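Some notes on the structure that comes next.
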Amino acid sequence: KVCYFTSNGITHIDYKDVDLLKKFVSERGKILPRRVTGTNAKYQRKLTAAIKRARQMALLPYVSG
Amino acid sequence: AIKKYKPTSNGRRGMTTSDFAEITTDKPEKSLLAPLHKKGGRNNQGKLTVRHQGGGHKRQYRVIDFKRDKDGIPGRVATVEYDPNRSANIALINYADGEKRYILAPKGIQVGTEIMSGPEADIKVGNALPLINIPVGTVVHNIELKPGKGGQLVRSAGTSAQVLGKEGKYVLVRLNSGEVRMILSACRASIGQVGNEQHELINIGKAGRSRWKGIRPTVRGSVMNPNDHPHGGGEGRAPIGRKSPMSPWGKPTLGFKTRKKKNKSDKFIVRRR
Amino acid sequence: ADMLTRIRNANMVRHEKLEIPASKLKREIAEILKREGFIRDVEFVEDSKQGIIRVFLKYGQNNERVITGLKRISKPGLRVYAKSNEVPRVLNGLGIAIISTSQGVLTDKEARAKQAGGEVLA
Amino acid sequence: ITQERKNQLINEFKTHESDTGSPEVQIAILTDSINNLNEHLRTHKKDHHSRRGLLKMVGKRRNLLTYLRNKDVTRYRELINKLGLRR
Amino acid sequence: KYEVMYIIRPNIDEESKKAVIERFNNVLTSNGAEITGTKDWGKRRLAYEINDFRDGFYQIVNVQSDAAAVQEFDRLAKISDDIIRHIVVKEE
RNA sequence: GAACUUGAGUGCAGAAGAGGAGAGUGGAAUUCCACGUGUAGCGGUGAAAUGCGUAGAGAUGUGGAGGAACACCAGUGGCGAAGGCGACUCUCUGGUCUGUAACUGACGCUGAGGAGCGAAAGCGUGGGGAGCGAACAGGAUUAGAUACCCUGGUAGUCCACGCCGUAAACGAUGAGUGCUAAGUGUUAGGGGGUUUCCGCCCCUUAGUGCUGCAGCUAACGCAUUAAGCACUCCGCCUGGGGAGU
Ligand SMILES: [K+]
Ligand SMILES: [K+]
Ligand SMILES: [K+]
Ligand SMILES: [Mg+2]
Ligand SMILES: [Mg+2]
Ligand SMILES: [Mg+2]
Ligand SMILES: [Mg+2]
Ligand SMILES: [Mg+2]
Ligand SMILES: [Mg+2]
Ligand SMILES: [Mg+2]
Ligand SMILES: [Mg+2]
Ligand SMILES: [Mg+2]
Ligand SMILES: [Mg+2]
Ligand SMILES: [Mg+2]
Ligand SMILES: [Mg+2]
Ligand SMILES: [Mg+2]
């Protein structure tokens with residue numbers, strides 16, 4: 001596996017960048033593990049924050065199917 | 001805050017008092033005072049119609065503005081004052097045009113604060129708006145029931161009501177009691193909890209202090225004689241010795257509900273307390 | 001300021017050499033030890049610290065030391081001051097005690113002669 | 001951030017022009033942080049974790065003040081008067 | 001440095017849309033803020049309904065205030081019937 | 001008394017973090033209430049019964065009220081002196097790590113008493129009370145069953161302020177410092193390779209794990225995060241009961 005954020009050289013994850021965050025959630029809406037996505041620990045923290053901010057303002061869903 | 005006195009005598013043991021920290025002056029506004037004689041619980045026939053009322057300290061009435069009807073004119077809080085006629089403190093407002101009025105002092109309010117009434121006022125503690133203009137979840141006090149009549153509900157020290165919802169002509173309001181009730185959306189309310197919230201914690205301490213506040217002794221029914229009370233008589237002490245505890249006038253007095261059946265306001269009471 | 005443990009630990013694992021922070025008395029101990037046949041030479045360098053040079057004690061030049069099983073003990077912060085008369089001998093000879101004097105060290109004869117017992121080692 | 005407090009109590013007893021580690025400067029910065037943190041704790045009475053921070057600063061400052069007093073008796077007296085400490 | 005995103009209710013004319021946005025910009029600027037950037041994401045489908053609004057107009061603002069401004073934004077944004085969601089995030 | 005910079009601090013530049021305090025906010029689920037549809041069960045157990053249901057339950061749909069806890073992320077992962085800390089946002093605020101060495105020049109370590117913090121339960125005053133649930137009741141079970149199981153259910157669990165000061169408060173391992181084979185994960189950094197980066201590789205600091213030398217151990221085991229080799233200071237032990245009386 002390889003980290004999307006380390007490989008592409010992304011050092012900051014916007015909550016508003018929806019299309020990026022859709023790569024790291026399930027069909028149902030649940031945040032995908034590091035085992036599946038292969039992302040780094042530091043980015044997985046930054047990502048998770050971004051997901052949770054997105055869900056607050058209805059950019060991403062809590063639960064959906 | 002509550003000041004606890006030291007037990008320097010049996011009278012003083014347990015007694016507590018307000019520190020009166022919020023009070024900023026000792027002298028009321030002379031132009032807003034009116035005379036107020038005691039009545040002893042006696043009606044226009046001269047007869048005692050309410051028990052246990054009598055004596056106490058002489059008091060002057062402070063004319064409170066319960067209507068809050070100087071719309072759009074800003075007013076500055078000049079004082080917070082003791083009022084002997086009610087549990088809450090009152091605030092002298094200096095209006096920009098030179099009119100002075102007293103209002104109930106909300107929790108928080110400071111000398112110098114600007115207050116404002118009317119439909120285009122901010123949701124700040126001390127402002128007063130028609131209930132149609134007050135957001136859901138706002139804590140309010142001094143609620144009108146009839147447009148223009150003045151605030152009647154939620155005036156005592158520390159009391160508060162919350163606006164729950166809007167049904168066009170009516171707004172739902174949770175009252176202090178916990179009763180949820182419909183109030184006309186044109187009825188005003190004042191923003192915030194009423195102040196002097198520690199009032200209920202006061203330990204009156206001695207018999208005499210009750211007498212200063214105009215309360216005369218309560219005699220229990222069970223130590224009266226049968227001609228005075230349903231509980232009267234019996235040799236030695238007696239239990240209630242009746243199907244129900246009774247009032248002095250022979251109604252049941254423990255659980256018996258006394259709100260008039262076929263009250264007109266029943267349609268506006270959503271959830272009872 | 002305990003070279004002894006540094007020595008013991010390296011001596012246990014049959015180390016060739018060890019770098020001990022230098023001090024006047026730790027220098028003067030290493031030479032007392034060298035009287036047997038440890039240390040070949042050291043490298044005095046441009047002084048930044050006062051001991052960066054170290055002692056560079058090299059008691060294991062060959063694979064196995066001819067002088068092996070080095071052992072010390074008597075070094076407590078509670079001060080142990082020996083009488084010139086009552087200076088001890090480690091193992092009744094076959095071991096030395098670095099008895100710090102105003103002017104002398106080492107054997108029992110180097111006590112009543114030299115004088116101040118002072119420090120006592122083993 | 002204030003290098004104001006640095007350049008003040010540098011120059012009073014300056015070893016270097018760009019002295020930072022003078023006891024004067026340290027004690028002054030500690031005094032500024034201590035006093036700032038006290039006013040946090042006036043509001044946040046039950047912030048115990050931060051308050052342990054205060055007690056460490058206080059202990060640093062005391063130890064640096066005991067250091068001056070033993071070192072330079074005059075220099076100590078000048079510092080406590082300007083900061084307005086007692087000990 | 002703060003980003004202030006907020007959703008406006010979708011039942012809004014473009015006249016009254018501007019009236020809201022211009023008022024909340026004036027809430028920031030009047031209370032000692034400098035609006036150093038704005039953006040309009042426009043009408044979007046919400047991931048979940050809020051206040052019976054399946055969709056809503058998103059609206060970003062960037063400010064370089066000192067707290068009191070963006071604090072005052074929140075209390076007015078909560079009061080207002082037109083702002084249906086809002087956040088304030090500190091910038092990195 | 002005079003020096004020094006290796007200890008210990010400061011400055012400067014980075015880094016990570018469920019460290020703490022305050023205010024606000026979000027979604028899911030449970031419960032209750034109202035209403036629509038619908039009709040005879042539901043629920044529960046080892047098996048039952050008490051319960052709840054035709055005064056229409058359960059199920060299903062919609063809305064309302066309220067409280068509490070924060071799926072996924074989540075990891076011998078992180079942070080904290082310990083207790084502990086897990087939705088989001090802002091406000092205030094403590095510490096740690098790395099690098100740089102401009103500055104300070106033993107300013108250090110430990111620390112009886114003292115002062116503070118300290119899970120849960122408990123206590124006081126005032127709130128709140130969905131869910132859970134000591135007590136208590138009923139149903140079972142049983143020789144009995146003041147239990148386990150079932151159905152209810154009060155305090156309490158939650159909040160504010162105050163008190164209490166204890167836990168197998170555990171790593172059953174006091175703190176500080178140095179020294180003494182390796183191998184391999186992982187967290188946050190740093191430097192340096194050929195390379196445009198990514199990436200790979202080497203080195204390195206501080207954590208966090210596993211395996212394992214020497215040494216230690218009554219044995220089990222410990223083993224650079226020592227229970228090894230040392231030094232400093234504190235706490236504690238001296239057969240079992242009686243008695244933490
Ligand atoms: K009394
Ligand atoms: K009585
Ligand atoms: K009687
Ligand atoms: Mg009465
Ligand atoms: Mg009688
Ligand atoms: Mg009678
Ligand atoms: Mg009778
Ligand atoms: Mg009798
Ligand atoms: Mg003791
Ligand atoms: Mg508790
Ligand atoms: Mg309690
Ligand atoms: Mg049960
Ligand atoms: Mg104990
Ligand atoms: Mg524990
Ligand atoms: Mg123990
Ligand atoms: Mg200590």
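The figures that follow rest on heavy atoms only: side chains count, while hydrogens, waters and symmetry mates do not. Order of the sequence lines fixes the chain letters, A, B, ..., with proteins taken first and strands second; residue numbering starts at 1 for each chain.
- Using a 4.0 Å heavy-atom distance criterion, D:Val25 is classed as making no nucleic acid contact.
- The side chain of D:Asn70 contributes no N or O atom lying less than 4.0 Å from OP1 or OP2 of F:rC107.
- Distance C:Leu121 CG to F:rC231 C1': 13 Å, rounded to the nearest Å.
- No N or O donor and acceptor, one from the side chain of D:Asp19 and one from the base of F:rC103, sit under 3.5 Å apart.
- Remark: F:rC231 pairs with F:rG176, satisfying the Watson-Crick or G-U wobble criterion at under 3.5 Å for both atom pairs.
- Of the nucleotides present, none pairs with F:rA48 by Watson-Crick or G-U wobble criteria with both distances under 3.5 Å.
- If you check every strand for non-hydrogen atoms under 4.0 Å, A:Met57 touches nothing.
- A glycosidic torsion no more than 90° from 0 defines the syn conformation, and F:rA106 adopts it.
- Separating the NZ atom of C:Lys49 from the P atom of F:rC4 is a distance of 15 Å, rounded to the nearest angstrom.
- For the pair D:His48 and F:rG116, the criterion of a side-chain N or O lying under 4.0 Å from OP1 or OP2 is not met.
- Here A:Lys46 reaches the OP1 or OP2 of F:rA16: one of its side-chain N or O atoms lies under 4.0 Å away.
- The shortest distance between the side-chain N/O atoms of B:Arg271 and the OP1/OP2 oxygens of F:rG64 is not below 4.0 Å.
- Two residues are said to be in side-chain contact when any heavy atoms from C-beta on lie closer than 4.5 Å; B:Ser160 and B:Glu197 fail this criterion.
- Look at CZ on B:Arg273: it is 19 Å from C1' on F:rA65, rounded to the nearest Å.
- Between F:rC136 and F:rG152 there is a base pair of the Watson-Crick or G-U wobble kind, both of its two distances falling under 3.5 Å.
- Contact of A:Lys52 with F:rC73 (side chain to base): a donor-acceptor pair of N or O atoms is detected under 3.5 Å.
- In this structure, CG of A:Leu59 is placed 15 Å from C1' of F:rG27, rounded to the nearest angstrom.
- Annotated as stacked: the bases of F:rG64 and F:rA65, by the 5.5 Å centre and 30° plane rule.
- Between the side chain of A:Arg55 and the base of F:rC72, at least one donor-acceptor pair of N or O atoms lies under 3.5 Å.
- Residue contacts shown for D:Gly21 include a base, since a base heavy atom lies under 4.0 Å away.
- Under the 3.5 Å cutoff applied to both distances, F:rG64 and F:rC92 fail to qualify as a Watson-Crick or G-U wobble pair.
- For F:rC222 with F:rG51, the Watson-Crick or G-U wobble criterion does not hold with each of the two distances under 3.5 Å.
- Base pair annotation for F:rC164 with F:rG241: unpaired, by the Watson-Crick or G-U wobble rule (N1-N3 plus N6-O4 or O6-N4, or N1-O2 plus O6-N3, under 3.5 Å).
- A close approach under 4.0 Å does not occur between any side-chain nitrogen or oxygen of A:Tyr43 and OP1 or OP2 of F:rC73.
- Residue C:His15 is in sugar-phosphate contact alone, with no base atom involved, counting any heavy-atom pair closer than 4.0 Å across all strands shown.
- A sub-4.0 Å separation between OP1 or OP2 of F:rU10 and a side-chain N or O of D:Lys60 is present.
- Residues D:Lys71 and D:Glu24 are not paired through a salt bridge, judged by the lack of any N-O separation under 4.0 Å between the basic side chain and the carboxylate.
- Using a 4.0 Å heavy-atom criterion, one finds that A:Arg35 contacts no nucleic acid atom at all.
- Using the six-membered ring where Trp is involved, A:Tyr4 and A:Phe24 have ring planes that are perpendicular, over 60° apart on the 30 and 60° scheme.
- Taking 4.0 angstrom as the limit, D:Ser18 places none of its side-chain polar atoms (N or O) nearer than this to OP1 or OP2 of F:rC103.
- Entry note: F:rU125 and F:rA160 meet the pairing test, Watson-Crick or G-U wobble at under 3.5 angstrom for both distances.
- Within the 4.0 angstrom heavy-atom criterion, only backbone atoms of the sugar-phosphate kind lie near D:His16; the bases stay farther away.
- Straight-line distance from the CG atom of D:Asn11 to the P atom of F:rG11: 17 Å, rounded to whole Å.
- The phosphate of F:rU93 (OP1 or OP2) has a side-chain N or O of D:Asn36 nearer than 4.0 angstrom.
- C:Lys71 comes within 4.0 angstrom of nothing in the nucleic acid, heavy atoms only.
- Side-chain atoms of A:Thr48 stay outside donor-acceptor range of the base of F:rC73, with no qualifying N/O pair under 3.5 Å.
- Between C:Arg6 and F:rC229 there is no side-chain polar atom (N or O) within less than 4.0 angstrom of OP1 or OP2.
- A sub-4.0 Å separation between OP1 or OP2 of F:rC12 and a side-chain N or O of D:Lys6 is absent.
- Looking at C:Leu33 and C:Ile7, their side chains come closer than 4.5 Å, going by heavy atoms from C-beta outward.
- If you measure from atom NZ of B:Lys166 to atom P of F:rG64, you get 16 Å, rounded to the nearest angstrom.
- If you check every strand for non-hydrogen atoms under 4.0 Å, D:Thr66 touches nothing.
- Nearer to the 5' terminus of RNA chain F, by closest-nucleotide assignment, is the contact made by D:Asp47 (compared with the other of D:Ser22 and D:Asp47).
- E:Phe53 has its ring centre no less than 6.0 Å from the ring centre of E:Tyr48.
- RNA chain F is contacted by both B:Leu201 and A:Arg53; A:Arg53 maps to the nucleotide lying nearer its 5′ end (nearest heavy atom per residue).
- For the OP1/OP2 pair of F:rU25 and a distance below 4.0 Å, the side-chain nitrogens and oxygens of E:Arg75 include no atom meeting the criterion.
- Side-chain N/O atoms of D:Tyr67 include one lying less than 4.0 angstrom from OP1 or OP2 on F:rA106.
- For D:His49 against F:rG83, a side-chain-to-base donor-acceptor contact under 3.5 Å is present.
- Note on D:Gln26: every side-chain N or O is 4.0 Å or more away from OP1 and OP2 of F:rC103.
- Note on A:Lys16 versus E:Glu3: salt bridge recorded, some NZ/NE/NH1/NH2 to OD/OE distance being below 4.0 Å.
- Side-chain atoms of C:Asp2 come within 3.5 Å of backbone N or O of C:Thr5 as a donor-acceptor pair.
- For the criterion of Watson-Crick or G-U wobble pairing, both bonds shorter than 3.5 Å, the nucleotides F:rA65 and F:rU232 do not count as partners.
- The side-chain hydrogen bond (donor to acceptor under 3.5 Å, both in side chains) test with A:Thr39 singles out one residue from A:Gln44, A:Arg45, A:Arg34, A:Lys1, and that residue is A:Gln44.
- D:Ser50 contributes no side-chain N or O that forms a donor-acceptor pair with the base of F:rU93 under 3.5 Å.
- Base pair annotation for F:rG133 with F:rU187: unpaired, by the Watson-Crick or G-U wobble rule (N1-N3 plus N6-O4 or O6-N4, or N1-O2 plus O6-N3, under 3.5 Å).
- Annotation: F:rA3 and F:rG20 have their P atoms spaced 49 Å apart (nearest Å).
- Comparing F:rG207 with F:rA8, their P atoms are spaced 13 Å from each other, to the whole Å.
- If you take CD1 on D:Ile10 and OG1 on D:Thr20, they are separated by 7.0 Å, rounding to the nearest 0.5 Å.
- Residue E:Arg85 contributes atom CZ, which lies 8 Å from atom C1' of F:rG27 at whole-angstrom precision.
- Following rounding to the nearest Å, A:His12 (NE2) and F:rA15 (P) show an atom-to-atom distance of 13 Å.
- In this structure, F:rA137 forms a base pair with F:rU151, meeting the Watson-Crick or G-U wobble definition at 3.5 Å.
- At least one donor-acceptor pair under 3.5 Å links the side chain of C:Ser74 to the backbone N or O of C:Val120.
- F:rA71 sits 14 Å from F:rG26 when the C1' atoms are compared, rounded to a whole Å.
- A Watson-Crick or G-U wobble pair links F:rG84 with F:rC79, both defining distances under 3.5 Å.
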